[PDB]
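Protein chains in written order, with the entry's author numbering: chain G, 1 to 158; chain H, 5 to 158; chain E, 3 to 158; chain F, 5 to 158; chain C, 5 to 158; chain D, 3 to 158; chain B, 3 to 158; chain A, 3 to 158. Quick reminder that beta carbons are idealized off the backbone N, C-alpha and C, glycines included. Read through the structure below, which is laid out as structure tokens, and then see the notes.
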Amino acid sequence: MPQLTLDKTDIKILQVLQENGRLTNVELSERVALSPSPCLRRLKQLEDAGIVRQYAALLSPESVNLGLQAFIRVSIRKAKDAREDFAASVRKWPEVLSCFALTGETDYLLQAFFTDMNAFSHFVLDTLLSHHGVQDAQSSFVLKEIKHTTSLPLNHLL
Amino acid sequence: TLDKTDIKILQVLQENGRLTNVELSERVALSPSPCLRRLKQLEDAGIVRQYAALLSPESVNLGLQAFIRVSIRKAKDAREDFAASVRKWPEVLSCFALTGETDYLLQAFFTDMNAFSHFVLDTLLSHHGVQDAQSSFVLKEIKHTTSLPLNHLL
Amino acid sequence: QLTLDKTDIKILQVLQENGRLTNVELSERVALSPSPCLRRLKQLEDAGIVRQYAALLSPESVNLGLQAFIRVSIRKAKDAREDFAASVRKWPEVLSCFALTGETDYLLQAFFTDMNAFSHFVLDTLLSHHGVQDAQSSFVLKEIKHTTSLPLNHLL
Amino acid sequence: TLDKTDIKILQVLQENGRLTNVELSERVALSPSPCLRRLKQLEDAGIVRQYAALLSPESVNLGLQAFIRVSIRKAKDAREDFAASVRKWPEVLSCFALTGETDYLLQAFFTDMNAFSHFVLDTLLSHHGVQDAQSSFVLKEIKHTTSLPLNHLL
Amino acid sequence: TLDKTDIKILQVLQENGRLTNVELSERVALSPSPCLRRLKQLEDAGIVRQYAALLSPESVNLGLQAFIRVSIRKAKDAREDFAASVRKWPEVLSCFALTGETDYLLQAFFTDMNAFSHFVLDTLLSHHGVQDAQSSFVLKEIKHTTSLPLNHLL
Amino acid sequence: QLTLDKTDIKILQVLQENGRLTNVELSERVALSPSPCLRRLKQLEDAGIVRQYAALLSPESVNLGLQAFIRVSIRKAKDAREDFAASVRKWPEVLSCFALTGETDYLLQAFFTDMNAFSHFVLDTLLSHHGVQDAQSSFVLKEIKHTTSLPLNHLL
Amino acid sequence: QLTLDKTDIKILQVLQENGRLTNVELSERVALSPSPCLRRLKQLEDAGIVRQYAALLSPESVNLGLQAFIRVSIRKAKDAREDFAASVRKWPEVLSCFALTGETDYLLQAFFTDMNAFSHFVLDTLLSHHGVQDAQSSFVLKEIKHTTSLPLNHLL
Amino acid sequence: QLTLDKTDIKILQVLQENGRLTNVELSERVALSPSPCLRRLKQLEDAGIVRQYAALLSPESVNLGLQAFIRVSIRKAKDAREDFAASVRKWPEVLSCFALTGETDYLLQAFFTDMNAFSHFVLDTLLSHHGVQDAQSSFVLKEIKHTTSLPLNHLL
Ligand code: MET
Ligand code: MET
Ligand code: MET
Ligand code: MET
Ligand code: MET
Ligand code: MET
Ligand code: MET
Ligand code: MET
Ligand SMILES: [Ca+2]
Ligand SMILES: [Ca+2]
Ligand SMILES: [Ca+2]
Ligand SMILES: [Ca+2]
Ligand SMILES: [Ca+2]
Ligand SMILES: [Ca+2]
Ligand SMILES: [Ca+2]
Ligand SMILES: [Ca+2]
Ligand SMILES: [Ca+2]
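Below, the structure written as structure tokens:
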């Protein structure tokens with residue numbers, strides 16, 4: 001468990017790395033009041049313990065022409081492995097960044113990104129709705145990004 | 005504008021953000037000094053907005069990830085207040101104004117359904133701007149990446 | 003059907019709340035002697051009025067923290083209805099099951115330890131059952147009220 | 005912390021709640037005295053909330069089991085007044101604050117539809133904090149038990 | 005031909021279907037002789053489709069009056085089979101094809117909720133054509149009349 | 003709250019279908035003695051069973067081509083419910099009004115000449131009424147069945 | 003009123019597809035001399051059948067590449083209906099607008115450059131209008147068919 | 003591809019409202035000599051900018067007094083989409099059809115003379131089509147606004 005593996009300073013480590021993910025061990029060492037050796041040791045425990053799963057470069061969709069962030073609610077037909085064949089193909093679609101099996105009226109909620117609405121129609125008509133397992137889709141689109149952080153809260157571990 | 009090599013840099017760094025300039029230069033088929041100019045251009049051009057360490061919710065005890073469908077009152081100071089308030093809720097990671105049935109969509113994280121209940125009943129719904137909420141929960145993470153698609157730039 | 007009296011109702015009304023009372027105690031509550039009281043309580047059991055006595059447990063005390071109310075709708079065949087009802091009775095994590103009016107056709111009441119527990123039940127058991135066409139599940143955030151006790155003032 | 009015979013006792017009593025100590029002990033591979041202690045602890049520990057006689061709705065003329073979905077208007081203490089009122093309504097057996105479209109969900113019992121109409125129109129819908137109500141009725145009780153699952157502790 | 009007096013007739017008979025031609029001829033200001041010519045021509049032109057005795061549903065023990073919204077499976081004949089089956093169900097008084105979410109709306113009467121369940125569960129839902137159903141019940145008759153409006157004809 | 007003789011039901015069954023029948027013609031459709039057939043109505047109508055005898059007309063024949071079913075929800079202000087009731091009673095075009103269970107609070111069954119007639123009613127009368135929060139109107143495309151006759155075999 | 007024959011419906015039908023045709027051409031297609039064709043056409047305008055001659059453009063060709071249908075709900079004020087009507091009429095991007103039956107009270111058809119533009123309109127114009135309670139917007143993914151042409155063969 | 007200028011748009015804006023103008027009448031309005039203006043317009047037609055000149059009619063003048071906005075759901079079988087598309091294109095009472103985002107997959111604009119006409123269509127042609135799973139129809143009570151004119155100022 002994290003209270004019997006992650007002490008106060010490790011939590012600050014993940015807090016800083018979550019936000020400035022490309023620091024060097026020494027930059028981080030300066031950031032958490034620690035000698036470069038044990039700091040490195042700690043950041044290695046966390047990476048091997050599964051806590052830090054990935055370091056990534058986050059981009060601006062608008063800058064790379066992606067104007068239309070769509071949240072699509074999908075329902076899967078009662079077929080053999082409709083679930084798994086949908087799941088298999090959703091991982092192959094680069095435009096679809098995330099997919100989740102949700103509670104409620106919808107079975108699946110997908111988070112996608114596209115350039116313009118024409119782009120989106122060809123994907124919805126020719127890929128999503130054309131897929132044997134996909135029974136019905138409902139697409140909504142983002143009008144304003146009020147908030148967007150990859151950072152999880154860690155004060156519950158304290 | 006940016007060329008096929010600038011698109012290879014971004015594709016690569018989206019997956020391994022911490023990747024070294026030697027390694028990066030190698031995969032993008034460029035020398036160390038010149039390719040490190042592109043990456044600095046790109047960072048200085050805003051294309052790359054942040055470098056982040058992505059964590060595993062299970063590992064840090066956030067075993068409950070929710071999507072909450074919220075709607076604000078027909079008010080002037082309801083819009084900004086809810087926004088200003090969601091920005092200060094660390095449990096709440098993203099928030100969006102959607103088209104369609106619901107006006108706002110929140111994506112947040114919790115430990116247990118108990119943690120959630122206190123948040124929804126004592127923070128969210130008691131916010132003067134919030135008119136109604138409707139929260140669903142993630143049963144199975146089929147796919148989740150922070151990597152944007154870049155083939156359209158080719 | 004058994005013809006009930008004022009004392010007969012008081013007995014039920016006592017038993018529903020404290021169902022482990024000794025007959026000596028139940029007799030003194032409802033203002034009766036053991037012998038008569040015992041014959042009543044037995045007549046009330048005989049009649050089918052009392053269907054069972056039950057020890058009621060605290061869900062959180064036994065690690066079930068997540069209480070799901072699940073709206074199910076079953077496939078349209080002259081078999082899915084009985085198969086689903088048959089399976090529902092074999093599922094111990096589901097306590098109640100009701101065929102309802104309105105949008106949802108079936109309503110289930112189920113208890114689980116965590117949300118991950120639910121995910122296995124819904125994905126691997128409920129929604130893979132040939133009869134189940136769709137599910138919509140909610141969760142209890144706060145128990146405002148929960149009694150097992152039926153009202154009996156309409157009999158007086 | 006509950007062992008194998010602590011759990012089985014709970015299993016036995018959840019079904020046959022009025023057993024003698026002697027016939028309870030016979031059903032758990034335990035002698036009277038030990039079994040009486042293991043039960044005492046379970047009660048003092050909060051595990052056994054109460055012992056209740058379960059009756060038949062049909063038996064006592066209650067032929068209409070309604071599951072009602074009500075929402076509450078946004079006003080100071082509307083939820084507390086609803087809660088406190090629903091606790092003094094004997095026809096209402098249980099009431100839960102829920103995730104999803106509905107704010108609340110009651111399970112009520114009535115002699116017939118006329119009885120229901122009077123409750124809904126002149127007590128539920130007339131309470132100040134009650135904004136809306138959607139009632140549905142049970143057509144067939146496929147399963148009903150009070151007995152919680154306990155095989156997760158084994 | 006539907007001049008004022010022909011409407012004064014229709015209006016009166018809708019309310020008092022049983023009225024004597026003497027009394028009818030009096031309320032519409034006509035000698036009996038032509039009042040009986042006019043009415044017969046209304047009876048034989050189709051206008052008056054039926055004279056009917058309207059009964060109190062509670063009086064004959066049918067307390068439960070339902071409104072069911074039914075959708076037929078989209079195949080061949082199903083539409084006709086559900087139609088013809090609905091015509092042989094005496095508890096179903098009216099059945100309309102409506103616009104909107106639901107495809108058919110049924111008005112039906114029952115003795116009690118138990119009588120309703122048998123019907124929904126063993127007839128309505130078990131009919132090969134019926135895809136699904138959604139039943140709502142009448143808590144109070146605010147108004148009910150068989151009299152059409154006819155002012156527009158004036 | 004009772005049950006009547008086998009042919010006493012027929013009296014109601016016959017009258018519901020042919021309501022302006024002569025007691026002579028009635029006594030011939032129920033196998034009842036001539037004048038004692040008038041005696042039996044003298045017990046039914048003279049009780050509460052028969053509420054009214056009415057002339058049922060053809061909507062199309064009197065120009066009423068459009069029959070709407072309107073789902074109306076009511077504002078929760080002080081006695082807004084009786085206000086609505088008080089007004090639906092006065093609107094001739096609205097034939098029947100019921101307080102339903104489910105999503106919508108009230109259901110109205112109305113008749114109109116054409117859609118323009120419905121617009122004026124909906125905009126200028128229904129939705130402009132102080133108690134009416136929302137309305138949701140659906141129209142009939144085809145009358146599969148319509149009888150004013152109740153089932154009476156539950157009484158045998 | 004006018005009495006339209008097969009020649010006159012042919013006039014309107016040709017004009018509906020080809021609005022700009024020369025009077026000589028029009029008369030050639032519709033089997034009439036220029037002299038009366040001209041009269042008959044002007045009779046259809048003066049009558050009110052021809053309400054407007056218009057050139058219809060391709061949205062994409064004018065960068066308006068985002069067509070939205072918007073379902074709007076007016077709050078219950080007294081003037082809310084007319085205020086919204088008035089403001090709707092001044093909004094050029096909103097081309098048509100309808101009081102519909104059903105769940106939605108108003109249906110709008112609008113054209114925008116792209117979602118950014120759409121966001122500005124909903125957040126800063128539509129939802130900030132005092133009489134507007136709610137907005138549920140959808141977009142066109144594929145234009146299967148779109149004509150201004152009405153069917154007129156029911157008049158024959 | 004052609005670039006549009008301040009004058010070019012005026013030609014667009016004027017034509018959109020007054021479609022049947024003569025070339026002389028258009029020239030003396032956009033600040034262009036008759037000869038240039040002639041060509042420029044033909045290049046806009048040829049460029050796809052102006053897609054069709056139409057005479058627009060009054061529904062109520064030609065007895066089409068029921069405007070239905072229909073929401074259809076297509077059966078997701080083997081290319082049922084193309085079939086519905088191909089037959090929607092033949093149905094004259096249907097002027098427009100769109101693949102929408104959100105609850106419904108399709109949205110139709112239809113025009114009828116009355117409810118009888120609508121019934122005949124929805125029951126015996128639309129819902130009897132093999133690709134059509136569900137249909138949900140509404141009707142306009144009031145046209146607040148209707149223009150064919152697109153906005154063009156975003157090009158200035
Ligand atoms: C494959 S995810 C299933 C979700 C489930 N039916 C629910 O909404 O509760
Ligand atoms: C005919 S395409 C239908 C698209 C679907 N309604 C959506 O929301 O994505
Ligand atoms: C907070 S912005 C809400 C937008 C609205 N849901 C729409 O569909 O237009
Ligand atoms: C009375 S608590 C209401 C909870 C809220 N409707 C939700 O979905 O989270
Ligand atoms: C049985 S006719 C069905 C009509 C369809 N529900 C509509 O609204 O258009
Ligand atoms: C399995 S019984 C289903 C009944 C149906 N949902 C109704 O509303 O009447
Ligand atoms: C106008 S009474 C409304 C009753 C409410 N719709 C219910 O379902 O209980
Ligand atoms: C602004 S008119 C609203 C009409 C309403 N939606 C109905 O169905 O009757
Ligand atoms: Ca909404
Ligand atoms: Ca809890
Ligand atoms: Ca999990
Ligand atoms: Ca809600
Ligand atoms: Ca009743
Ligand atoms: Ca409601
Ligand atoms: Ca487009
Ligand atoms: Ca944007
Ligand atoms: Ca009209």
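For a contact defined as C-beta to C-beta under 7 Å, what are the partners of residue i on chain D?
| i | result |
| --- | --- |
| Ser140/C | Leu102, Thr103, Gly104 |
| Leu34/C | What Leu34/C touches in chain D: nothing, since even the nearest Cβ is about 17 Å away. |
With DSSP as the reference, label residue i as helix, strand or coil.
| i | result |
| --- | --- |
| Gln3/A | coil |
| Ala119/C | helix |
| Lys78/D | coil |
| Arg31/H | helix |
| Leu129/F | coil |
| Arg91/D | coil |
| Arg22/E | coil |
At which residues does the beta strand (DSSP E) containing residue i begin and terminate?
| i | result |
| --- | --- |
| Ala56/D | 52 to 59 |
| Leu110/G | 108 to 114 |
| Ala137/C | 134 to 147 |
| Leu102/G | 96 to 102 |
Which whole-angstrom value describes the C-beta separation of residue i and residue j, a residue pair presumed to lie in contact below a C-beta threshold of 8 Å?
| i | j | result |
| --- | --- | --- |
| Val74/E | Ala137/E | 5 Å |
| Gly104/G | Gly50/F | Not confirmed; about 33 Å, so no contact. |
| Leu152/E | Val64/F | 6 Å |
List, in chain order, every chain C residue whose beta-carbon is nearer than 9 Å to that of residue i.
| i | result |
| --- | --- |
| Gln135/A | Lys78 |
Which residues of chain F have a Cβ atom closer than 9 Å to the Cβ of residue i, listed in chain order?
| i | result |
| --- | --- |
| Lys144/C | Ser121, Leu125 |
Going along the chain, which residues of its own chain have a beta-carbon closer than 8 Å to the beta-carbon of residue i, five neighbours each way excluded?
| i | result |
| --- | --- |
| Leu28/E | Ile13, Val16, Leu17, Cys39, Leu43 |
| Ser140/C | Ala70, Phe71, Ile72, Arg73 |
| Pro61/C | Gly67, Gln69, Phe113 |
Please list, in chain order, all residues of the same chain as residue i whose beta carbon is under 6 Å from its beta carbon, the five residues on each side excluded.
| i | result |
| --- | --- |
| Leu46/D | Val52 |
| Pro36/G | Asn25, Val26, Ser29 |
| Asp107/C | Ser75 |
Identify the continuous alpha helix (DSSP H) that holds residue i and give its terminal residues.
| i | result |
| --- | --- |
| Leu17/H | 8 to 19 |
| residue 1/D | Lying outside 3 to 158, the shown extent of chain D, residue 1/D is not represented and no answer is given. |
| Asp48/E | 36 to 49 |
| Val64/A | Segment: none, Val64/A is in no alpha helix (DSSP H) and carries neither H nor E. |
| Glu105/A | Taken as a continuous stretch (DSSP letters only), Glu105/A belongs to no alpha helix (DSSP H), as it is neither H nor E. |
Listing by chain order, which chain A residues have their CB less than 7 Å from the CB of residue i?
| i | result |
| --- | --- |
| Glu95/B | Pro153 |
Against residue i, what residues of chain E qualify as contacts under a CB-to-CB distance less than 8 Å, listed in chain order?
| i | result |
| --- | --- |
| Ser130/C | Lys80 |
Among the residues of its own chain, which have a CB less than 7 Å from the CB of residue i, if the five just before and after it don't count?
| i | result |
| --- | --- |
| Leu128/E | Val134, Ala137 |
| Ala82/B | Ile76, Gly133 |
Along chain G, in chain order, which residues have C-beta atoms closer than 8 Å to that of residue i?
| i | result |
| --- | --- |
| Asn118/B | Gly67 |
Could you list which residues in chain B have their beta carbon closer than 8 Å to that of residue i, in chain order?
| i | result |
| --- | --- |
| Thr149/A | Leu97, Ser98 |
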